[PDB]
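Only one structure is covered here, and it is reproduced in the block below.
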Amino acid sequence: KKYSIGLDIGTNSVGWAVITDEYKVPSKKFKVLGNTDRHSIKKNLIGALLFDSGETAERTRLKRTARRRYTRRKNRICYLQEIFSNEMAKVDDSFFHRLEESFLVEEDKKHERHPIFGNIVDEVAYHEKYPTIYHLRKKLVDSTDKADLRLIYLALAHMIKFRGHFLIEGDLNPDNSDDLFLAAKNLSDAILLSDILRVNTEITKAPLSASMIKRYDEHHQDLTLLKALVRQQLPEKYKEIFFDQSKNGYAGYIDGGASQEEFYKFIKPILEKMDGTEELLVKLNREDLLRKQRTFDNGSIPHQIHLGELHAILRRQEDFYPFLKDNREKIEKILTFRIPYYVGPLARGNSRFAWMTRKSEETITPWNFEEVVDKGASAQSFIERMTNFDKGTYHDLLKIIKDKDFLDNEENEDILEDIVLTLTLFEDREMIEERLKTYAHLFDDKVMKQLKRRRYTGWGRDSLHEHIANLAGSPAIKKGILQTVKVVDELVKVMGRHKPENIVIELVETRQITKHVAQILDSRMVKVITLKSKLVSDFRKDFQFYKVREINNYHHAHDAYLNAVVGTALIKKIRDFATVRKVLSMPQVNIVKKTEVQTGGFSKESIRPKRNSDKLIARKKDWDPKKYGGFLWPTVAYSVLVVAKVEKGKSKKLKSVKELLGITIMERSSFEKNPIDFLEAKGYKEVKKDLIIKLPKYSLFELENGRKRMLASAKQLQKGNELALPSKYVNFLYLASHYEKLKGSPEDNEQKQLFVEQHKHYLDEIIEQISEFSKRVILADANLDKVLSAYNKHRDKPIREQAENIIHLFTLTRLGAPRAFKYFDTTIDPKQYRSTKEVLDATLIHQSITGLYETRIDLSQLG
RNA sequence: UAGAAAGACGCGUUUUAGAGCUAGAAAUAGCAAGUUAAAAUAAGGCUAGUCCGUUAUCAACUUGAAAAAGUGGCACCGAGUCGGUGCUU
DNA sequence: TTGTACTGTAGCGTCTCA
DNA sequence: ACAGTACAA
């Protein structure tokens with residue numbers, strides 16, 4: 001009539017147990033549903049839940065921020081094109097069209113394949129005249145001659161597509177340098193520009209283009225010297241270095257994927273043993289030898305350099321094109337504008353992150369930003385929304401008031417709370433002034449213009465899904481909480497809604513968890529015990545109950561049992577203690593890997609080159625991956641068992657087939673919108689609508705002779721069986737190791753040290769046990785012959801290392817995916833179950849959250 | 001020691017553009033050149049925003065657009081992953 | 001033409017704020 | 001986990 005529940009809480013596992021007063025685990029007969037022969041199974045009330053670790057939201061946050069970055073950059077270029085469109089339609093209406101179609105292949109383009117000029121000779125002449133865009137930028141800054149609008153748009157679009165960082169708040173004009181306050185400020189500008197820019201010998205308003213043009217010319221002359229020198233000294237490696245793109249040469253540096261430092265470390269011995277390269281070595285040691293222009297170290301350039309160059313070109317070209325003079329400040333705004341950090345996304349109430357408030361409901365652009373956005377309300381909403389609700393100044397403001405008695409004034413101190421509220425919340429000078437506006441008449445101008453600098457820091461301290469969705473903490477650590485609440489719900493469900501007298505659970509987080517599960521007694525209709533792990537740890541050492549975590553997953557459920565037993569024993573206090581030995585040795589433990597649908601990214605993110613394979617994913621709707629390339633390795637959401645007719649053969653025949661097919665994550669929406677039509681799109685005919693079965697990852701299949709296999713994907717399986725050793729074997733395998741810390745005392749505990757050699761033969765029987773279980777459910781032959789041979793050739797080694805590598809040997813047997821393991825001195829290579837045909841006639845198992853209730857679907861009776 | 005949200009930057013990848021020349025029946029061989037740009041950066045979605053799209057939730061079966069609710073006897077002896085016995089309606 | 005065995009492939013660095 | 005090459009039918 002009385003039962004207790006032991007719970008072990010972890011990132012991946014929730015061990016559960018049902019304990020009676022003699023510490024017995026009851027064994028009860030459960031109705032099993034489904035079309036199979038059985039209608040009753042017998043299973044023990046002890047088990048473990050296994051699931052994948054939960055994911056933190058950091059990756060999703062970075063991906064969302066990158067998405068917003070690309071969206072706003074494309075919007076910047078769209079603004080610039082919108083400005084230039086009226087004038088540029090007069091000369092080349094198709095110019096922007098060719099720019100957007102530059103990605104397409106020659107037959108797919110709606111205009112000529114040369115984007116900038118639309119004809120071969122002009123494009124070749126432009127590339128010869130300006131080898132890079134930086135040559136064009138320097139030419140437009142320096143020369144006062146009229147320029148074509150295509151070239152000016154190219155320079156400006158390169159300016160604002162890649163505008164550089166915003167870590168500088170002043171002006172930082174690039175021509176300032178390479179009354180002590182102003183001299184010190186300008187010399188600070190000089191030291192930062194010397195960190196950014198190397199040298200400018202002949203003065204120009206475009207020092208970045210000058211320095212990188214020097215970089216390009218130096219690279220050209222040094223490559224010419226390298227070609228001549230390698231031809232004159234080492235003709236056999238010329239083919240290697242300047243043609244082979246795979247051997248990390250200069251050809252690998254340019255055409256291949258070699259970065260700067262690997263190319264340097266490859267070329268350095270080459271320029272060391274051959275002579276005449278002292279300048280080349282000293283340039284390599286400066287990391288200035290054959291540099292590119294677009295380089296990883298360009299993150300240091302402030303946006304003010306690009307802004308100065310852009311201002312220079314528009315001052316040069318305003319008289320030729322008065323259209324630029326009409327809206328010069330607009331293009332300068334497009335470079336210099338940035339969404340404020342406190343505003344947030346510019347939504348219209350549709351985001352789940354946005355908090356901004358707008359005044360006048362026009363579309364927000366660079367130019368009307370400060371007159372449409374209520375900066376005050378948005379800025380205070382930034383700071384109020386993430387500060388938690390509730391569960392010195394006596395000597396400091398004396399300076400500002402210049403009086404202590406008026407600091408001790410009592411009547412008007414609510415607004416005095418509210419000024420320090422303002423300067424604890426806000427930071428911006430104008431915006432602190434705008435929220436400080438309220439108190440203007442109480443004080444003369446100098447004292448609040450001094451007082452606004454007084455920055456303050458610090459702060460003084462239903463449905464179940466929505467009842468947990470409001471909780472604090474990371475989304476990764478909460479998964480065990482949701483699963484444990486659901487396991488408790490089912491364990492009270494199983495026994496006619498009889499509450500347990502005591503449940504025992506596994507620092508500050510679990511102190512909060514104890515209260516959160518304690519609120520259930522009045523929120524959701526159970527003496528919860530906050531058991532410390534140390535008590536179970538020394539108790540498990542005080543007796544024979546050693547664990548070796550490398551063997552199997554049963555020790556989760558065993559730890560749940562130990563939790564329940566120690567908790568009920570504890571509450572009962574500078575036949576039962578006889579029962580515990582039997583209950584540890586039980587071979588049947590309900591272990592459930594949680595069937596969960598994979599959610600996440602479409603595939604591995606690297607875009608593969610063009611290939612003739614049909615497994616490349618189209619990275620855009622029109623972009624056929626035969627020609628354009630695309631992604632590989634899509635993530636499957638879940639498998640789907642489908643029975644249908646498929647025509648096969650040149651003389652096609654409507655042959656019936658049963659197989660499972662994988663739904664990838666982006667096909668999931670289209671499949672669940674209309675399953676049959678998606679399946680017919682895949683080539684299946686007369687699909688049986690009601691016979692379709694959804695199969696998530698870790699779907700469990702039971703096969704003949706008790707073999708269980710777990711489903712990893714539509715094309716891959718996992719081992720789904722666990723071996724249980726007798727506890728004596730586990731005790732030998734534990735006590736064969738840890739000699740420097742096992743005994744704890746030097747001579748009384750010696751029988752633990754002596755225990756292993758008088759039972760060395762257990763290791764031989766454990767060998768036969770592993771072999772019998774591998775002919776049972778692993779069915780690996782060659783790997784078994786390998787491990788038997790390796791055991792026979794090393795069986796006389798000292799006992800500690802033998803037992804440690806016997807512990808290593810259980811990777812062959814452990815639940816989950818097969819993996820390589822070293823044993824003594826040889827890698828036993830794993831095997832991969834790429835054969836899902838064997839489960840299309842097996843017994844599909846649907847397991848409840850505890851795994852007690854089951855549903856058995858015999859697939860061979862379908863179709 | 002780590003959790004959530006916002007604003008940015010620089011690379012990288014992919015396709016195209018940057019006329020390769022000479023000897024060539026050709027296979028290929030010698031020679032020249034290489035640094036840059038455009039576009040995309042989850043397919044896309046509709047509430048069409050300079051917004052949203054990788055976090056969280058998810059056995060089966062019956063209702064419910066969904067939300068959400070409901071659906072499976074006991075005692076004993078054994079233990080190769082659970083087996084059987086008897087009582088019960 | 002359809003399954004098995006063996007080997008290879010897999011986005012990232014750096015900020016600023018309350 | 002999936003892709004690609006290399007073979008057994």
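Each chain of the structure tokens is named A, B, ... in the order shown, its residues numbered from 1; ligands are numbered from 1 in display order.
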Using only C-alpha atoms (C1' of nucleotides), find each residue in chain C having at least one atom no more than 7 Å away from chain A; report its shortest atom-to-atom pair and that distance in Å (one decimal), rows by chain then rising number, as a tab-separated table.
```
residue	atom	partner	partner_atom	distance
C:10	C1'	A:604	CA	6.8
C:11	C1'	A:605	CA	6.7
C:18	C1'	A:383	CA	5.8
```
Near stretch 40-42 of chain B, within 9 Å and counting only C-alpha atoms (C1' of nucleotides), which residues show up once chain neighbours fewer than 6 positions away are dropped, as a list in words? residues 63, 67, 70, 103, 601, 602, 603, 605, 619 and 620 of chain A; 13, 14, 53 and 54 of chain B
Mind listing as a VMD selection string which residues of chain A are within 10 Å of chain D, counting only C-alpha atoms (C1' of nucleotides)? chain A and resid 615 632 to 636 712 to 713 715 to 716
Would you mind listing, for every residue of chain B within 8 Å of chain A, the two atoms forming the shortest contact and the distance between them in Å to one decimal, using only C-alpha atoms (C1' of nucleotides), sorted by chain and ascending residue number, as a tab-separated table?
```
residue	atom	partner	partner_atom	distance
B:3	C1'	A:474	CA	5.6
B:5	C1'	A:353	CA	7.3
B:6	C1'	A:341	CA	5.2
B:7	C1'	A:341	CA	4.2
B:8	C1'	A:165	CA	6.7
B:9	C1'	A:165	CA	4.8
B:10	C1'	A:299	CA	4.4
B:11	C1'	A:296	CA	4.9
B:13	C1'	A:607	CA	5.7
B:14	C1'	A:607	CA	5.7
B:15	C1'	A:628	CA	5.3
B:16	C1'	A:103	CA	5.0
B:17	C1'	A:114	CA	5.6
B:18	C1'	A:127	CA	6.3
B:19	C1'	A:120	CA	7.6
B:34	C1'	A:254	CA	6.9
B:35	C1'	A:292	CA	5.1
B:36	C1'	A:132	CA	4.4
B:37	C1'	A:133	CA	7.1
B:38	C1'	A:99	CA	5.6
B:39	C1'	A:103	CA	5.3
B:42	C1'	A:602	CA	6.5
B:43	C1'	A:620	CA	6.3
B:47	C1'	A:350	CA	7.2
B:49	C1'	A:347	CA	5.5
B:50	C1'	A:72	CA	5.8
B:51	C1'	A:347	CA	5.4
B:52	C1'	A:351	CA	6.8
B:54	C1'	A:600	CA	3.7
B:55	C1'	A:57	CA	4.3
B:56	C1'	A:475	CA	6.2
B:57	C1'	A:465	CA	7.9
B:58	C1'	A:596	CA	6.6
B:59	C1'	A:848	CA	4.9
B:60	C1'	A:855	CA	6.0
B:72	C1'	A:31	CA	5.6
B:79	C1'	A:586	CA	7.1
B:80	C1'	A:587	CA	7.9
B:81	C1'	A:588	CA	4.5
B:82	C1'	A:42	CA	6.0
```
The selected residues should be written to file as a PDB file, in the first residue's frame (atoms: C-alpha atoms (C1' of nucleotides)).
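The resulting selection17.pdb:
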```
ATOM      1  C1'   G B   3      22.662  31.779 -18.486  1.00  0.00           C
ATOM      2  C1'   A B   5      18.537  39.460 -25.161  1.00  0.00           C
ATOM      3  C1'   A B   6      20.462  43.667 -28.745  1.00  0.00           C
ATOM      4  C1'   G B   7      23.858  46.271 -32.136  1.00  0.00           C
ATOM      5  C1'   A B   8      28.484  45.400 -35.339  1.00  0.00           C
ATOM      6  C1'   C B   9      32.835  43.949 -37.967  1.00  0.00           C
ATOM      7  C1'   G B  10      36.443  40.647 -40.699  1.00  0.00           C
ATOM      8  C1'   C B  11      37.210  36.184 -43.091  1.00  0.00           C
ATOM      9  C1'   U B  13      32.579  28.825 -48.963  1.00  0.00           C
ATOM     10  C1'   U B  14      29.951  28.503 -53.765  1.00  0.00           C
ATOM     11  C1'   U B  15      28.966  30.143 -59.143  1.00  0.00           C
ATOM     12  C1'   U B  16      30.144  33.765 -62.662  1.00  0.00           C
ATOM     13  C1'   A B  17      33.416  37.904 -64.676  1.00  0.00           C
ATOM     14  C1'   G B  18      38.930  38.973 -64.906  1.00  0.00           C
ATOM     15  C1'   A B  19      39.997  36.694 -73.673  1.00  0.00           C
ATOM     16  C1'   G B  34      47.565  34.302 -60.352  1.00  0.00           C
ATOM     17  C1'   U B  35      46.226  39.199 -55.276  1.00  0.00           C
ATOM     18  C1'   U B  36      40.050  41.564 -57.308  1.00  0.00           C
ATOM     19  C1'   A B  37      34.725  42.008 -57.941  1.00  0.00           C
ATOM     20  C1'   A B  38      29.342  40.677 -58.119  1.00  0.00           C
ATOM     21  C1'   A B  39      25.623  37.611 -55.743  1.00  0.00           C
ATOM     22  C1'   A B  42      20.077  28.121 -43.858  1.00  0.00           C
ATOM     23  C1'   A B  43      15.108  26.180 -48.738  1.00  0.00           C
ATOM     24  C1'   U B  47       0.856  39.220 -40.009  1.00  0.00           C
ATOM     25  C1'   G B  49       8.353  44.121 -41.015  1.00  0.00           C
ATOM     26  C1'   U B  50      15.016  47.138 -42.565  1.00  0.00           C
ATOM     27  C1'   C B  51       9.904  41.149 -39.324  1.00  0.00           C
ATOM     28  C1'   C B  52      10.294  35.888 -38.645  1.00  0.00           C
ATOM     29  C1'   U B  54      18.561  25.862 -35.942  1.00  0.00           C
ATOM     30  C1'   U B  55      16.421  27.190 -28.256  1.00  0.00           C
ATOM     31  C1'   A B  56      12.272  24.962 -25.605  1.00  0.00           C
ATOM     32  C1'   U B  57       7.980  21.006 -26.244  1.00  0.00           C
ATOM     33  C1'   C B  58       7.073  15.580 -28.775  1.00  0.00           C
ATOM     34  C1'   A B  59       5.708   6.804 -26.842  1.00  0.00           C
ATOM     35  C1'   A B  60       0.885   4.458 -28.741  1.00  0.00           C
ATOM     36  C1'   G B  72      -3.698  -0.444 -19.181  1.00  0.00           C
ATOM     37  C1'   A B  79      15.407 -14.579 -12.807  1.00  0.00           C
ATOM     38  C1'   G B  80      19.709 -14.826 -19.805  1.00  0.00           C
ATOM     39  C1'   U B  81      16.674  -8.892 -20.107  1.00  0.00           C
ATOM     40  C1'   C B  82      11.585 -11.117 -17.740  1.00  0.00           C
TER      41        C B  82
END
```
Based on the backbone DSSP call, show me all residues of stretch 350-515 of chain A assigned alpha helix (DSSP H), as a compact mmCIF listing (two decimals) with C-alpha atoms, in the first residue's frame.
```txt
# COMPACT_ATOMS: atom_id res chain seq x y z
CA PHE A 369 15.15 57.25 -37.86
CA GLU A 370 15.32 59.86 -35.10
CA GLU A 371 11.93 61.35 -36.08
CA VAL A 372 9.98 58.06 -36.22
CA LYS A 375 14.16 56.62 -28.50
CA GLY A 376 13.17 57.30 -24.88
CA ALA A 377 10.52 54.59 -24.52
CA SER A 378 12.59 52.10 -26.52
CA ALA A 379 15.70 52.78 -24.44
CA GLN A 380 13.93 52.40 -21.11
CA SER A 381 12.18 49.26 -22.39
CA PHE A 382 15.63 47.83 -23.17
CA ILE A 383 16.71 48.12 -19.53
CA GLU A 384 13.46 47.35 -17.71
CA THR A 393 25.18 58.35 -0.91
CA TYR A 394 25.03 60.19 2.45
CA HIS A 395 28.70 61.06 1.85
CA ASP A 396 28.41 61.16 -1.95
CA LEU A 397 25.43 63.35 -2.91
CA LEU A 398 26.74 65.77 -0.26
CA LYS A 399 29.14 66.90 -3.00
CA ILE A 400 26.38 67.57 -5.56
CA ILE A 401 23.96 69.28 -3.15
CA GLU A 413 12.47 62.59 -1.74
CA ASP A 414 10.24 60.51 -4.05
CA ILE A 415 11.54 62.41 -7.07
CA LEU A 416 14.99 62.09 -5.44
CA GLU A 417 14.51 58.34 -5.64
CA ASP A 418 13.60 58.88 -9.26
CA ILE A 419 16.74 60.85 -10.34
CA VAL A 420 18.94 58.06 -8.98
CA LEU A 421 16.54 55.66 -10.72
CA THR A 422 17.32 57.49 -13.99
CA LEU A 423 21.10 57.53 -13.56
CA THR A 424 21.08 53.89 -12.51
CA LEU A 425 19.01 52.93 -15.58
CA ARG A 429 24.39 61.88 -22.42
CA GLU A 430 21.53 63.38 -24.43
CA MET A 431 19.12 60.62 -23.35
CA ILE A 432 20.00 60.99 -19.63
CA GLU A 433 19.40 64.71 -20.21
CA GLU A 434 16.03 63.95 -21.81
CA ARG A 435 14.90 61.80 -18.89
CA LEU A 436 16.46 64.34 -16.49
CA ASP A 445 22.15 74.70 -15.17
CA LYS A 446 25.71 73.92 -14.05
CA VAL A 447 24.77 71.50 -11.30
CA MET A 448 22.71 69.08 -13.40
CA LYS A 449 25.19 69.39 -16.26
CA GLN A 450 27.69 68.14 -13.65
CA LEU A 451 25.15 65.72 -12.11
CA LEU A 464 2.00 22.40 -16.82
CA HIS A 465 3.80 23.51 -20.00
CA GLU A 466 3.07 27.15 -19.19
CA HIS A 467 3.76 26.44 -15.49
CA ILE A 468 7.33 25.40 -16.35
CA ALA A 469 7.77 27.73 -19.34
CA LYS A 479 15.01 19.03 -19.88
CA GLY A 480 15.62 16.69 -16.96
CA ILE A 481 13.10 18.70 -14.95
CA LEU A 482 10.36 18.24 -17.57
CA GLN A 483 11.13 14.53 -17.93
CA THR A 484 11.18 13.99 -14.16
CA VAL A 485 7.83 15.71 -13.72
CA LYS A 486 6.37 13.52 -16.48
CA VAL A 487 7.91 10.37 -14.92
CA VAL A 488 6.39 11.24 -11.53
CA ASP A 489 3.05 11.83 -13.26
CA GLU A 490 3.14 8.39 -14.85
CA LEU A 491 4.38 6.67 -11.67
CA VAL A 492 1.40 8.06 -9.79
CA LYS A 493 -0.77 7.18 -12.83
CA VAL A 508 21.43 25.99 -5.83
CA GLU A 509 19.57 24.68 -8.90
CA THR A 510 18.37 21.54 -7.11
CA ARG A 511 17.54 23.61 -4.02
CA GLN A 512 15.16 25.50 -6.33
CA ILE A 513 13.99 22.20 -7.88
CA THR A 514 12.99 20.91 -4.45
CA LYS A 515 10.67 23.89 -3.96
```
Hey, which of B:33, B:12, B:75, B:1 ends up closest to residue C:13? Count only C-alpha atoms (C1' of nucleotides). B:12
DSSP-assigned strand (DSSP E or B) members of stretch 567-771 of chain A, reported as a VMD selection string: chain A and resid 590 to 593 596 603 to 608 617 to 618 630 to 634 636 to 648 653 to 664 685 693 to 695 697 700 to 702 708 to 713 716 to 719
Quick one, how far is atom CA of residue A:536 from atom CA of residue A:552? 19.3 Å
How far is it from atom CA of residue A:374 to atom CA of residue A:357, in Å with one decimal? 5.8 Å
